[PDB]
Number of protein chains: 2
Amino acid sequence: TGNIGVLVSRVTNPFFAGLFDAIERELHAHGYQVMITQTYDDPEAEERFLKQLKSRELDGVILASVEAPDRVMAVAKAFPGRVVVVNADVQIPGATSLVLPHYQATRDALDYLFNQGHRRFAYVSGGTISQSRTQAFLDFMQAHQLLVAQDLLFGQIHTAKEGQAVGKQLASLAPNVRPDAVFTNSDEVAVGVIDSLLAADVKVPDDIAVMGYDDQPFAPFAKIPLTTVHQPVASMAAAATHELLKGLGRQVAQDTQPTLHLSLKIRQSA
Amino acid sequence: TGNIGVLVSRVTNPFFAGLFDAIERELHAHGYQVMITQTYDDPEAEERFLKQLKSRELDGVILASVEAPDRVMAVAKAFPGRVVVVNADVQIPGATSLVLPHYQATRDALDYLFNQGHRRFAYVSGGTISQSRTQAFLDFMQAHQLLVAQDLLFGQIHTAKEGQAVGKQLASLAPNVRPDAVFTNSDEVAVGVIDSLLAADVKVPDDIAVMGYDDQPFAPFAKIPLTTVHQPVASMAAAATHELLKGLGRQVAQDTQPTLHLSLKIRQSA
Ligand SMILES: [Cl-]
Ligand SMILES: [Cl-]
Ligand code: NA
Ligand code: NA
């Protein structure tokens, strides 16, 4: 039982740090040494990480972020059983790939908000908005015949500091053009957004409701405890770990599969 | 420019995740691939990590936690220039070692609290209390002829969940045996402690003041924004990175040294 690599976009994202930790503690118990690499979504960093498998510095890898699916596919084909992909919004041929239902969770979270009476929506993403979650948002807006306001779309927003800038801009707006609710796609971003709203005496949720994503460790402890979409970190980590161990010939196949569920966690911020 | 390893106790501690990130972004710019391993303070995990250098899977290592100084010393002696130690409360012969002034910072933070009128102190540590910070606490209590209450000492407390248990216990106490202030040694622990105090209607800071440690990213965003000791993550990461690069022959010596300073950050929780 040798070395395993885990690839994530950003280690300072507490969702990725938690996911790594859960994988690592279980693999460590099986005798493996586990190391994490971060990409900041650079495909060259992903390529370089994959060379560690190709050169057999690593016995296996678990990817939680994927930049170039076809490159991952080629490595998985050369190294069957040794590449697992988890919660990356993609199925990679040759690699056991676990996809969670982010489209459904996003539609459900948006339905929730609409049901609280919210009609003007800001949407924040880590990607450039021009993507299961973004399609869920667009589908949602179409279904309720709500006009998408481009002024309330925010792309490439990943951190709490970036969320602070978004919140400061939203707090600046006249009450009649201010969104009713903000879909942040990140508990980090949500904490920042909310902090800026409160600094400007914008009430949360009564003036602007803010929906998080992930249910990160800080979420229940936030100044306005976060309403958010809970990612089942422990369960997905266990599933990914088992798929890799099975592929490495360490573990037997099991009958009982997890169904990995995202769930809406209602607290105070929305 | 090859592979570098970074060793930390726990990746889900946002101080270690930040420290890694700052080191990694700078090394990445220099052409290195950087990977993090966590020990959970297990000396066998440290040993195993060091074998990656001994076998030259890695070109160099940066340790932010150390379990067995004499083993680290032996590796550093065999691999001169390739082992750097940062903020681990220890100088390792053979390894460039950067020690920050935690004794002074702790004494200063405690002096602050005493100056706010606090006289009954709870002290929380990640270690078993039977350690620059613990000695600072004992020195402090001796200097003010304050009797150390064993009932208000809490060891092996690392996480927000563990801090919640501590806070729930403190909130349970009769006002006359309740501490005036809690020195938590961790912003994670502080968030948990404070959350439990507030759940029990114990006012923070007016009933119990809570001092954090690290000035983690969540600190200013906490329900009661944290008064804490700020670790200079970016500066220490830069210093450690430069020492490793110099040792690897990539960088020239510089005249201008950082003096790495810990500073007391006053917000609301104390
Ligand atoms: Cl997914
Ligand atoms: Cl130190
Ligand atoms: Na409203
Ligand atoms: Na008091």
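Note that these values count all heavy atoms, side chains included, but never hydrogens, waters or copies made by symmetry. In what follows, chains carry the letters A, B, and so on, assigned in the order in which the sequence lines appear, proteins first and then strands, with residues in each chain numbered from 1.
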Practice prompt. Any chance you could lay out the side chain to side chain contact (heavy atoms under 4.5 Å, CB included) test for A:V90 and A:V99, step after step, and finish with the verdict?
Written response: CA-CA 7 Å; A:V90 67; A:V99 162; 5.9 Å; no
Practice prompt. Could you go through the ring pair (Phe, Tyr, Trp, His ring centres under 6.0 Å) check for A:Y213 and A:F15 one step at a time?
Written response: CA-CA 10 Å; A:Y213 212 112; A:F15 165 77; 9.0 Å; no
Worksheet item: When you look at B:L226 and B:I194, which way does the side chain to side chain contact (heavy atoms under 4.5 Å, CB included) test go after all the steps?
Response: CA-CA 10 Å; B:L226 307 180; B:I194 293 168; 3.5 Å; yes
Item to complete: Would you sort out whether A:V124 and A:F183 count as a side chain to side chain contact (heavy atoms under 4.5 Å, CB included), showing the intermediate values?
Response: CA-CA 6 Å; A:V124 182; A:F183 191 92; over 6 Å; no
Discussion item. Please evaluate residues B:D215 and B:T228 with respect to the criterion side-chain hydrogen bond (donor to acceptor under 3.5 Å, both in side chains), reporting the C-alpha separation (whole Å), side-chain torsions for both, the decisive distance (0.1 Å), and the verdict.
Written reply: CA-CA 6 Å; B:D215 197 24; B:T228 191; 5.6 Å; no
Practice prompt. Would you check, one step at a time, whether the test side chain to side chain contact (heavy atoms under 4.5 Å, CB included) holds for A:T37 with A:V11?
Written response: CA-CA 8 Å; A:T37 293; A:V11 167; over 6 Å; no
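Checking side-chain atoms of B:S172 against main-chain N and O of B:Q169 turns up a donor-acceptor pair under 3.5 Å. In this structure, B:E46 contributes its side chain and B:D41 its backbone to no donor-acceptor pair below 3.5 Å. B:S186 contributes a side-chain N or O that, together with a main-chain N or O of B:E188, makes up a donor-acceptor pair within less than 3.5 Å. Of the possible donor and acceptor atoms, one in the side chain of A:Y112 sits under 3.5 Å from a partner among the backbone N and O of A:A270. In this structure, A:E26 contributes its side chain and A:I23 its backbone to no donor-acceptor pair below 3.5 Å. No donor-acceptor pair closer than 3.5 Å links the side chain of B:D195 to the backbone N or O of A:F221. In this structure, A:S196 contributes its side chain and A:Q164 its backbone to a donor-acceptor pair below 3.5 Å. Remark: the backbone N or O of B:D42 is not paired with any side-chain donor or acceptor of B:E67 at under 3.5 angstrom. A distance-only check finds a donor-acceptor pair linking the side chain of A:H158 to the backbone of A:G126 [under 3.5 Å]. In this structure a side-chain-to-backbone donor-acceptor pair under 3.5 Å is present from A:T227 to A:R267.
Ring pair A:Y123/A:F137 is parallel by interplanar angle, where below 30° counts as parallel and above 60° as perpendicular. Ring geometry for A:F114 versus A:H144: interplanar angle under 30°, hence parallel rather than tilted (30 to 60°).
The pair A:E47-A:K54 does not count as a salt bridge, with every side-chain nitrogen at least 4.0 angstrom from each carboxylate oxygen.
Taking the side chain as every heavy atom from C-beta outward, B:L19 and B:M236 approach each other to under 4.5 Å. With contacts defined as side-chain heavy-atom distances shorter than 4.5 Å, the pair A:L53/A:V75 qualifies. When side chains are defined from C-beta on, A:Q216 counts as touching A:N13, because their heavy atoms get closer than 4.5 Å. Looking at heavy atoms from C-beta onward, A:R82 lies in side-chain contact with A:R56 at the 4.5 angstrom threshold. Under the 4.5 Å side-chain criterion, counting only non-hydrogen atoms from C-beta, B:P220 is not in contact with B:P225. Within the 4.5 Å cutoff, side-chain heavy atoms of B:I208 are placed close to those of B:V182. Side-chain atoms of B:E24 and B:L27, non-hydrogen and from C-beta on, never get closer than 4.5 Å to each other. Side chains of B:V6 and B:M35 form no contact here, defined as non-hydrogen atoms less than 4.5 Å apart.
Looking only at atom types and distance, the side chain of A:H28 has no donor-acceptor partner in the side chain of B:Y40 under 3.5 Å away. Residues B:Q231 and B:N87 have side chains that bring a donor and an acceptor to within less than 3.5 angstrom of each other. Counting only N and O atoms by type, the side chains of A:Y103 and A:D139 include a donor and acceptor under 3.5 Å apart.
For the residue pair B:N3 and B:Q33, the shortest heavy atom distance occurs at OD1-NE2, 3.0 Å. The two residues A:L58 and A:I4 have their closest heavy-atom pair at CD2-C, 4.0 Å. A pairwise comparison of heavy atoms in B:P14 and B:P217 identifies CB-CD, 4.1 Å as the closest pair. In this structure, A:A222 and A:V191 approach most closely via the heavy-atom pair CB-CG2, 4.4 Å. Closest of all the heavy-atom pairs between A:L197 and A:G167 is CD2-O, 3.4 Å. Residue A:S269 comes nearest to A:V210 through the heavy atom pair OG-O, 2.7 Å, listed as atom of the first residue, atom of the second, then distance.
Of the residues A:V84, A:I62, A:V83, the one that meets the side chain to side chain contact (heavy atoms under 4.5 Å, CB included) test with A:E243 is A:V84. Applying the side chain to side chain contact (heavy atoms under 4.5 Å, CB included) test between A:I157 and each of A:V166, A:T184, A:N185 identifies A:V166 as the sole match.
Cation-pi geometry between A:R25 and A:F20 is not met at under 6.0 angstrom from the ring centre and within 45 degrees of the axis.
Taken from CD1 in A:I36 to CZ in A:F16, the straight-line distance is 9.0 Å, to the nearest 0.5 Å. Taken to the nearest 0.5 Å, the CD atom of A:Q131 stands 9.0 Å off from the CG atom of A:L138. Between the NE2 atom of A:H230 and the OG atom of A:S263 there is a distance of 5.0 Å, given to the nearest 0.5 Å. To the nearest 0.5 Å, the span separating CD1 on A:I92 from CZ on A:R71 amounts to 13.0 Å. Note that the CG atom of A:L110 and the CG atom of A:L264 stand 10.5 Å from one another [nearest 0.5 Å]. The distance from the CD atom of A:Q38 to the CG atom of B:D21 is 4.5 Å, given to the nearest 0.5 Å.
For the side chain to side chain contact (heavy atoms under 4.5 Å, CB included) test, no residue two or more places apart in sequence or in another chain qualifies with A:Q142.
For A:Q156, the CD atom is densely surrounded, since the number of other residues' heavy atoms within 6.0 Å is greater than 12.
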